[PDB]
Each structure stands twice: as structure tokens, then as C-alpha cells.
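**Q** Structure provided below as C-alpha cells; questions to follow.
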Amino acid sequence: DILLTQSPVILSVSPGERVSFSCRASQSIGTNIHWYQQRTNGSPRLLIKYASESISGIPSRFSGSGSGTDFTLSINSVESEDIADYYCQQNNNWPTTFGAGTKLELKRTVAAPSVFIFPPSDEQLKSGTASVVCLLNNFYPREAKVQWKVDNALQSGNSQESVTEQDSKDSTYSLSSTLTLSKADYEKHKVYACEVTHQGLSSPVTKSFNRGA
Amino acid sequence: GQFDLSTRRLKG
Amino acid sequence: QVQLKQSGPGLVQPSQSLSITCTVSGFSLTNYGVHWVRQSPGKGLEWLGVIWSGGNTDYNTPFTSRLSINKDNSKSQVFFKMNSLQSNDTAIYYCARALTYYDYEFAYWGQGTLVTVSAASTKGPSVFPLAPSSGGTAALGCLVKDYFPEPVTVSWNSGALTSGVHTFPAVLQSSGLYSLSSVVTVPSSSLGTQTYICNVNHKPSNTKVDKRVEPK
């Protein structure tokens, strides 16, 4: 099988800049290479066929070149909607094979998160489990810290984080931090606090509630 | 570098 | 309008077999081959096989003995079947169609079918409100907890509300069950006028829940 090597693993640029993806084949494949774009939760989308040929409905800022073993996919002026992974495919030799992909990330100005805290619903408390959710919305860059405190006690190991991929329009991330307690433990305490640290904040922001009001 | 089934995106 | 629509995601027990149906429209199976491609954490994008216009099939080498592709031209359906699945067969499976009838330039894809190979059992989620509470922008959401396997679809107000929506990637709990939240930001002034419903659908368990989310 032909081995296709894509580089780099991750690309990070600013909007309006040009960007290139490399795809190298373990042996000559003429111009028999195709390129695909994969957005978050999407199926692959065909960008270029046979190294350089246009595809209907694909914006003109996408192009490709190369022959033999060294191939290049280019975006001459990147837009936020280009946030995706990019794969090459060879079909000079059976079976057709794909590269491992390059990730394209977009830079943008620092944006501080908007922080919200959600107490557990009474509905969930009926089940014997309490979930406390802290939301960090529309921020950049991705790095952030969530510190949980229950009655001034540092919580450790009983929370989980999930981060969205970059937004295709404003290039921000959003983060959810979920603190899970047994209903018994939740009823034995009062002050539930989420503390958020981020480059866009001059001070850590704390959202809290007292069980009840 | 690996495909993540939750997001259909490359992660590490 | 060329389209390919696959059957729903689901669970297959280890050593058991996988069946996916690909229904096409906008073209005829008698004029085009239909390819099958999967995408897994282990091996990334992986071409599995193809059934050509005239009924012939090609299978990628490591799948010759456990792969079977059939079709019904009249019904515009292609049937994919793979035997003896193991854990690393967990992947998203796509059917795809090339630009020309003989080629491999995949310009049209199905929406994909996430197949989870596990011995565990299907479990529907519980949906809990993330209620807004007291700069004119309120955040609210739904907690979609304790389901298996992936995935679950979440939308807001039956598709009418998409702006400001964030549906977070699911996370695996120590219980072996998944959980996720879906949030949305809206104007505070609309909380007394507009209804906010998250529409949750866990196809592997046929669990559909509409959860109204109100200020408490």
C-alpha cells in the first residue's frame, strides 16, 4: 500500500493569511491525489481532484499542485469557516489510501469567557445524583482553569471538562465543567463556587450559589 | 493526531 | 440532487455482525458504483470496498473474508455487512459515490453511521434542565446524562433555534456511560415570552425527549 504522510500535524494561522498543506507519498503516484475537508461532526468534503483540478461549488481560494511524491493544498486567504481537518487521498495504486490529516486552527484576538453556573435541578436530585455545571462561553485562547470549591474546600477529581471545537464564525471556544456529587454529599453543604482563570481576565472570575438561594 | 469519534475531528 | 442516506447508529456485540443500509437518490445504482469508507481512531480513513454498477464487488485486502456488499437497484439501496467485529472495528462508516462511474473521487458522502462494538447494553439518557437565573444575556441548557452508546442528537426549538447553541462533546463517565450538555444564550427579555425546548434523540435506544427549560 502507498503510505501518505501529511505535515504538519497542526497548522495555526491568522485570517487572511495564506496556508499550505503538504502530502508526501512513499512512491511516485503521478498526479493521482485528491483532497478532502472535514468540519466538526461532518462528512469529508471533496476539495481538489487529481492534484490541481477544481471541484464544483468549492471556493476559488482552494487550490492544489504537485506531482510525483510531493503535493500541496493551498488556501490563499484563510477564513474562519476553513477551520477543519484536511486529508489527502491517492488512487494511483490499489487500494486507494488516505493520509492521517492536518488540523487547521485559526488565531484571533484574546476574548474573555462569560461565566455561568447552574445548580442541579430538583428533577436530577430525585435520582440521587447532583450535577453542578459551570459554563465558560465564547473565549480565546483555549487554555483556561476551572477550580471548584464547596464550603471553601477544594474539589479535586470529581469534575469533568468538555471543550467545543472552534466556532466557524467567531473562532472562539466554549467550555463546560461538570461537578458530580452524590445527593447526600450535596445536601451536606451550602456554598458551591466555580472559579475561572483565563488570559482575558485581569482577575479570576467566581460564580457561586448557595443551595436554596 | 487521532480521529475522535465524538467530534469527527483530529485530537492529538 | 445527489444524496446518500444511511441507517441509524447503533451497538454491535463483539464477534457479531454489522449491517448498514445506504439509500441513494438523484442517480441510479445501475449507473454508479457505491463505495464504503470507515473512519476509526486506530487507522483513520480506510477504504473498505465497492459494489459496481453491474453488481461486481471489490473488497480491500484485510476485509475479503468478512465483508459482503449487496444492493437492490429497484429500491436504490446498498447493503453493507461485516462479520465478527471486535473493539477496534468501532468507527464511523460512510457510503460514498465517485464523480464518474469508474473512479474513486468521492464527491458525495452519506452522513455516516457510528458503530460501537461493545458487550454492554444500550441505555437511553436522562435529560435535565440547566435553568437560567438572575448584561441582558441569559444562558440556559440541557444536561443529557447516562446514555450508551454514542451518539445523541440535540437541537433547540425543533431546529428553529441554532444561533448561540453549543453542544459539548460527550464525555465517558466512570460508570461507562456518556454525558453531555447543550447550552444556548438568549436575551433575558425573551425568557417570559419565548419557550425554550431542547430536542434530544438517542437513536440507538429509540429515546426521544423534549425538555422544556424555564427559569426556576
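By order in the C-alpha cells, chains are A, B, ...; within a chain, residues start at 1; ligands start at 1, following the order shown.
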Write out as JSON, numbers by chain which residues come within 10 Å of residue A:1 when counting only C-alpha atoms, dropping same-chain ones fewer than 4 positions away.
**A** {"A": [26, 27, 93, 94, 95, 96, 97]}
**Q** Find the residues near stretch 48-53 of chain A: any atom within 10 Å, counting only C-alpha atoms, skip ones fewer than 5 places away on the same chain, and give them as a ChimeraX atom specification.
**A** /A:30-37,58,62-67,71-73,88-92 /C:99,104-107
**Q** Compute the chain C side of the contact with chain B at 10 Å, counting only C-alpha atoms, and hand it back as a PyMOL selection string.
**A** chain C and resi 39-45+90-92+114-116+150-152+168-171
**Q** Can you write just those residues out, N, CA and C atoms, as a short mmCIF file (atom, residue, chain, number, x, y, z; two decimals), in the first residue's frame?
**A**
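Okay, out.cif is ready:
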data_model
loop_
_atom_site.label_atom_id
_atom_site.label_comp_id
_atom_site.auth_asym_id
_atom_site.auth_seq_id
_atom_site.Cartn_x
_atom_site.Cartn_y
_atom_site.Cartn_z
N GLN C 39 -13.90 5.37 9.30
CA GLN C 39 -13.01 6.33 9.95
C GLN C 39 -12.96 5.95 11.42
N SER C 40 -11.80 5.47 11.87
CA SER C 40 -11.63 4.94 13.21
C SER C 40 -10.47 5.64 13.91
N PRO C 41 -10.45 5.63 15.24
CA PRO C 41 -9.29 6.18 15.95
C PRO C 41 -7.99 5.47 15.61
N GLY C 42 -8.04 4.15 15.44
CA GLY C 42 -6.81 3.41 15.18
C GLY C 42 -6.20 3.72 13.83
N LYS C 43 -7.01 3.67 12.77
CA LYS C 43 -6.49 3.67 11.40
C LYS C 43 -7.00 4.83 10.55
N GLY C 44 -7.71 5.79 11.14
CA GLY C 44 -8.15 6.94 10.36
C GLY C 44 -9.10 6.55 9.24
N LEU C 45 -8.98 7.25 8.11
CA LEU C 45 -9.81 6.97 6.95
C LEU C 45 -9.32 5.71 6.23
N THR C 90 -14.90 -0.40 15.95
CA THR C 90 -15.63 0.80 16.31
C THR C 90 -15.15 1.96 15.45
N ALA C 91 -16.08 2.57 14.71
CA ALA C 91 -15.73 3.59 13.73
C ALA C 91 -17.01 4.20 13.19
N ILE C 92 -16.84 5.28 12.43
CA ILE C 92 -17.92 5.84 11.62
C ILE C 92 -17.81 5.25 10.23
N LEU C 114 -22.14 5.83 13.10
CA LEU C 114 -21.23 5.50 14.19
C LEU C 114 -21.61 4.13 14.75
N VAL C 115 -20.70 3.17 14.63
CA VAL C 115 -20.91 1.82 15.12
C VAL C 115 -19.99 1.61 16.31
N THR C 116 -20.57 1.24 17.44
CA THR C 116 -19.83 0.96 18.67
C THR C 116 -19.83 -0.54 18.91
N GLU C 150 -22.71 6.29 22.20
CA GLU C 150 -22.77 7.46 21.34
C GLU C 150 -23.46 7.05 20.04
N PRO C 151 -24.08 8.01 19.33
CA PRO C 151 -24.20 9.43 19.66
C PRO C 151 -25.61 9.80 20.13
N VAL C 152 -25.80 11.08 20.43
CA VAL C 152 -27.12 11.64 20.67
C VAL C 152 -27.20 12.95 19.91
N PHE C 168 -21.77 20.30 23.70
CA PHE C 168 -20.41 19.91 24.01
C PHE C 168 -20.15 18.45 23.64
N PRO C 169 -18.90 18.11 23.34
CA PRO C 169 -18.55 16.70 23.14
C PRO C 169 -18.92 15.87 24.35
N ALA C 170 -19.45 14.68 24.10
CA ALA C 170 -19.77 13.76 25.18
C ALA C 170 -18.50 13.31 25.88
N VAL C 171 -18.62 13.02 27.18
CA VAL C 171 -17.51 12.51 27.98
C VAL C 171 -17.94 11.20 28.60
#
**Q** Pick out the residues sitting within 7 Å of stretch 157-159 of chain C, and hand them over as a PyMOL selection string; count only C-alpha atoms, and ignore anything fewer than 3 positions along from it in its own chain.
**A** chain C and resi 162+196-199
**Q** Do a neighbour search on residue C:59 at 8 Å with only C-alpha atoms, toss out local chain neighbours closer than 2 positions, and write the hits as JSON, numbers by chain.
**A** {"C": [48, 49, 50, 57, 61, 63, 64, 67]}
**Q** Those residues you just picked out, can you put them in a file as a PDB file, in the first residue's frame with C-alpha atoms?
**A**
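Produced file result_37.pdb, reproduced below:
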ATOM      1  CA  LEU C  48     -13.345  -0.928   2.611  1.00  0.00           C
ATOM      2  CA  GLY C  49     -14.868  -1.856  -0.744  1.00  0.00           C
ATOM      3  CA  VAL C  50     -17.228  -1.028  -3.585  1.00  0.00           C
ATOM      4  CA  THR C  57     -17.630  -6.140  -5.772  1.00  0.00           C
ATOM      5  CA  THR C  61      -7.413  -6.952   1.273  1.00  0.00           C
ATOM      6  CA  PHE C  63     -11.631  -7.447   4.698  1.00  0.00           C
ATOM      7  CA  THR C  64     -12.019 -10.027   1.915  1.00  0.00           C
ATOM      8  CA  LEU C  67     -17.164  -8.220   4.110  1.00  0.00           C
TER       9      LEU C  67
END
**Q** Skip stretch 20-35 of chain C itself and residues of its chain fewer than 3 positions away, then list as an mmCIF file with C-alpha atoms, in the first residue's frame all residues within 9 Å of it, counting only C-alpha atoms.
**A**
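Result written to out_34.cif:
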data_model
loop_
_atom_site.group_PDB
_atom_site.id
_atom_site.type_symbol
_atom_site.label_atom_id
_atom_site.label_comp_id
_atom_site.auth_asym_id
_atom_site.auth_seq_id
_atom_site.Cartn_x
_atom_site.Cartn_y
_atom_site.Cartn_z
ATOM 1 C CA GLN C 1 -29.954 16.433 -6.033
ATOM 2 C CA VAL C 2 -27.497 13.589 -5.402
ATOM 3 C CA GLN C 3 -27.867 12.223 -1.871
ATOM 4 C CA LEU C 4 -26.928 9.167 0.187
ATOM 5 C CA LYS C 5 -28.720 8.439 3.473
ATOM 6 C CA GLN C 6 -27.530 5.724 5.848
ATOM 7 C CA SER C 7 -29.295 3.749 8.554
ATOM 8 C CA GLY C 8 -29.015 4.833 12.171
ATOM 9 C CA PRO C 9 -26.058 4.405 14.503
ATOM 10 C CA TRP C 47 -11.409 2.323 2.147
ATOM 11 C CA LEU C 48 -13.345 -0.928 2.611
ATOM 12 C CA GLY C 49 -14.868 -1.856 -0.744
ATOM 13 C CA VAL C 50 -17.228 -1.028 -3.585
ATOM 14 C CA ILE C 51 -20.154 -2.521 -5.482
ATOM 15 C CA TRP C 52 -20.090 -1.500 -9.136
ATOM 16 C CA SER C 53 -22.972 -0.719 -11.495
ATOM 17 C CA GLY C 54 -23.143 -4.294 -12.799
ATOM 18 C CA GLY C 55 -23.081 -5.986 -9.384
ATOM 19 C CA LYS C 71 -27.737 -3.883 -3.486
ATOM 20 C CA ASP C 72 -31.285 -3.596 -4.826
ATOM 21 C CA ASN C 73 -31.236 -1.370 -7.917
ATOM 22 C CA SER C 74 -35.033 -1.039 -7.895
ATOM 23 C CA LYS C 75 -35.097 0.229 -4.299
ATOM 24 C CA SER C 76 -31.911 2.350 -4.644
ATOM 25 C CA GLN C 77 -30.437 0.567 -1.622
ATOM 26 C CA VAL C 78 -26.917 -0.739 -0.975
ATOM 27 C CA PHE C 79 -26.459 -3.227 1.868
ATOM 28 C CA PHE C 80 -23.208 -3.386 3.851
ATOM 29 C CA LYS C 81 -22.457 -6.370 6.085
ATOM 30 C CA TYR C 93 -18.944 4.063 8.424
ATOM 31 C CA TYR C 94 -19.761 6.022 5.266
ATOM 32 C CA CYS C 95 -21.135 5.073 1.889
ATOM 33 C CA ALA C 96 -19.855 7.276 -0.914
ATOM 34 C CA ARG C 97 -20.187 7.849 -4.653
ATOM 35 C CA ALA C 98 -17.495 8.983 -7.070
ATOM 36 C CA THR C 100 -17.557 9.353 -12.583
ATOM 37 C CA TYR C 101 -18.860 5.804 -12.678
ATOM 38 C CA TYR C 102 -15.439 4.104 -12.674
ATOM 39 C CA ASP C 103 -13.431 6.420 -10.423
ATOM 40 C CA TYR C 104 -12.586 6.870 -6.733
ATOM 41 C CA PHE C 106 -15.573 10.686 -3.627
ATOM 42 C CA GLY C 110 -23.559 9.595 3.304
ATOM 43 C CA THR C 113 -23.035 5.684 10.845
#
**Q** Could you name the residues that touch residue A:80 at 7 Å or less, counting only C-alpha atoms, but leaving out those on the same chain fewer than 5 positions away, as a VMD selection string?
**A** chain A and resid 15 106 168 to 169 171
**Q** May I have the residues from that selection written out with N, CA, C and O atoms, as a PDB file, in the first residue's frame?
**A**
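The resulting file, part27.pdb, is reproduced below:
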ATOM      1  N   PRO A  15      -6.576  34.919  10.135  1.00  0.00           N
ATOM      2  CA  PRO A  15      -7.444  35.099   8.966  1.00  0.00           C
ATOM      3  C   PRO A  15      -6.798  36.009   7.933  1.00  0.00           C
ATOM      4  O   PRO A  15      -6.069  36.946   8.265  1.00  0.00           O
ATOM      5  N   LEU A 106      -7.374  28.543  13.701  1.00  0.00           N
ATOM      6  CA  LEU A 106      -7.294  29.964  13.414  1.00  0.00           C
ATOM      7  C   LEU A 106      -6.971  30.744  14.675  1.00  0.00           C
ATOM      8  O   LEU A 106      -7.531  30.483  15.742  1.00  0.00           O
ATOM      9  N   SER A 168     -17.008  28.323  13.816  1.00  0.00           N
ATOM     10  CA  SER A 168     -16.685  28.635  12.430  1.00  0.00           C
ATOM     11  C   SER A 168     -16.876  30.108  12.092  1.00  0.00           C
ATOM     12  O   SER A 168     -16.416  30.543  11.031  1.00  0.00           O
ATOM     13  N   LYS A 169     -17.531  30.881  12.958  1.00  0.00           N
ATOM     14  CA  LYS A 169     -17.815  32.285  12.691  1.00  0.00           C
ATOM     15  C   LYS A 169     -16.938  33.234  13.494  1.00  0.00           C
ATOM     16  O   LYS A 169     -16.348  34.152  12.921  1.00  0.00           O
ATOM     17  N   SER A 171     -14.504  32.049  15.868  1.00  0.00           N
ATOM     18  CA  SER A 171     -13.259  31.360  16.217  1.00  0.00           C
ATOM     19  C   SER A 171     -13.050  31.219  17.721  1.00  0.00           C
ATOM     20  O   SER A 171     -11.915  31.049  18.171  1.00  0.00           O
TER      21      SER A 171
END
**Q** Work out how far atom CA of residue A:86 is from atom CA of residue A:21, in Å to one decimal.
**A**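 It comes out at 8.0 Å.
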**Q** Counting only C-alpha atoms, which residues of chain A fall within 6 Å of chain C, and what is the closest atom pair for each with its distance in Å at one decimal, ordered by chain and rising number, as CSV?
**A**
residue,atom,partner,partner_atom,distance
A:46,CA,C:107,CA,5.3
A:118,CA,C:130,CA,5.9
A:164,CA,C:168,CA,5.5
**Q** At a cut-off of 10 Å, list the chain A residues touching chain B, using only C-alpha atoms, as a list in words.
**A**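 Going by the stated atoms only, the list reads residues 9, 10, 38, 39, 40, 41, 42, 43, 44, 84, 85, 86, 100, 101, 102, 103, 164 and 165 of chain A.
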**Q** Can I get the selection written as a PDB file, in the first residue's frame, with N, CA and C atoms?
**A**
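After the write, result_34.pdb holds the following:
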ATOM      1  N   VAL A   9       1.274  18.244  11.593  1.00  0.00           N
ATOM      2  CA  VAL A   9       0.105  17.669  12.250  1.00  0.00           C
ATOM      3  C   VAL A   9      -0.940  18.749  12.517  1.00  0.00           C
ATOM      4  N   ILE A  10      -0.501  19.933  12.939  1.00  0.00           N
ATOM      5  CA  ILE A  10      -1.390  21.047  13.244  1.00  0.00           C
ATOM      6  C   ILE A  10      -0.853  22.298  12.564  1.00  0.00           C
ATOM      7  N   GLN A  38     -12.832  18.118   6.319  1.00  0.00           N
ATOM      8  CA  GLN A  38     -13.760  17.566   7.302  1.00  0.00           C
ATOM      9  C   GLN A  38     -13.978  18.587   8.408  1.00  0.00           C
ATOM     10  N   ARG A  39     -15.187  19.134   8.476  1.00  0.00           N
ATOM     11  CA  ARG A  39     -15.577  20.028   9.552  1.00  0.00           C
ATOM     12  C   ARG A  39     -16.129  19.231  10.734  1.00  0.00           C
ATOM     13  N   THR A  40     -16.308  19.923  11.857  1.00  0.00           N
ATOM     14  CA  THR A  40     -16.777  19.275  13.076  1.00  0.00           C
ATOM     15  C   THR A  40     -18.131  18.609  12.857  1.00  0.00           C
ATOM     16  N   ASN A  41     -18.203  17.314  13.179  1.00  0.00           N
ATOM     17  CA  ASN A  41     -19.410  16.494  13.037  1.00  0.00           C
ATOM     18  C   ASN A  41     -19.880  16.364  11.596  1.00  0.00           C
ATOM     19  N   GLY A  42     -18.974  16.513  10.627  1.00  0.00           N
ATOM     20  CA  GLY A  42     -19.328  16.442   9.230  1.00  0.00           C
ATOM     21  C   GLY A  42     -18.662  15.273   8.514  1.00  0.00           C
ATOM     22  N   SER A  43     -19.175  14.977   7.342  1.00  0.00           N
ATOM     23  CA  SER A  43     -18.564  14.007   6.452  1.00  0.00           C
ATOM     24  C   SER A  43     -17.505  14.691   5.603  1.00  0.00           C
ATOM     25  N   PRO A  44     -16.530  13.940   5.096  1.00  0.00           N
ATOM     26  CA  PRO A  44     -15.499  14.554   4.250  1.00  0.00           C
ATOM     27  C   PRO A  44     -16.104  15.229   3.024  1.00  0.00           C
ATOM     28  N   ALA A  84     -11.047  23.250  10.099  1.00  0.00           N
ATOM     29  CA  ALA A  84     -11.356  21.873   9.736  1.00  0.00           C
ATOM     30  C   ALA A  84     -10.067  21.064   9.724  1.00  0.00           C
ATOM     31  N   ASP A  85     -10.218  19.767   9.476  1.00  0.00           N
ATOM     32  CA  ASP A  85      -9.113  18.870   9.175  1.00  0.00           C
ATOM     33  C   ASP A  85      -9.061  18.618   7.673  1.00  0.00           C
ATOM     34  N   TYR A  86      -7.859  18.368   7.162  1.00  0.00           N
ATOM     35  CA  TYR A  86      -7.661  18.216   5.727  1.00  0.00           C
ATOM     36  C   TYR A  86      -6.878  16.947   5.443  1.00  0.00           C
ATOM     37  N   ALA A 100      -3.093  10.878   7.154  1.00  0.00           N
ATOM     38  CA  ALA A 100      -3.595  10.992   8.518  1.00  0.00           C
ATOM     39  C   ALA A 100      -4.188  12.361   8.828  1.00  0.00           C
ATOM     40  N   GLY A 101      -4.029  13.331   7.941  1.00  0.00           N
ATOM     41  CA  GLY A 101      -4.725  14.594   8.119  1.00  0.00           C
ATOM     42  C   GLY A 101      -3.880  15.654   8.794  1.00  0.00           C
ATOM     43  N   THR A 102      -4.178  16.906   8.455  1.00  0.00           N
ATOM     44  CA  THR A 102      -3.616  18.074   9.114  1.00  0.00           C
ATOM     45  C   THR A 102      -4.757  18.914   9.672  1.00  0.00           C
ATOM     46  N   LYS A 103      -4.594  19.374  10.908  1.00  0.00           N
ATOM     47  CA  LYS A 103      -5.580  20.219  11.564  1.00  0.00           C
ATOM     48  C   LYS A 103      -5.254  21.689  11.322  1.00  0.00           C
ATOM     49  N   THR A 164     -15.698  22.636  23.230  1.00  0.00           N
ATOM     50  CA  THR A 164     -16.124  22.579  21.844  1.00  0.00           C
ATOM     51  C   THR A 164     -14.934  22.808  20.923  1.00  0.00           C
ATOM     52  N   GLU A 165     -15.091  22.389  19.674  1.00  0.00           N
ATOM     53  CA  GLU A 165     -14.155  22.817  18.653  1.00  0.00           C
ATOM     54  C   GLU A 165     -14.365  24.303  18.372  1.00  0.00           C
TER      55      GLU A 165
END
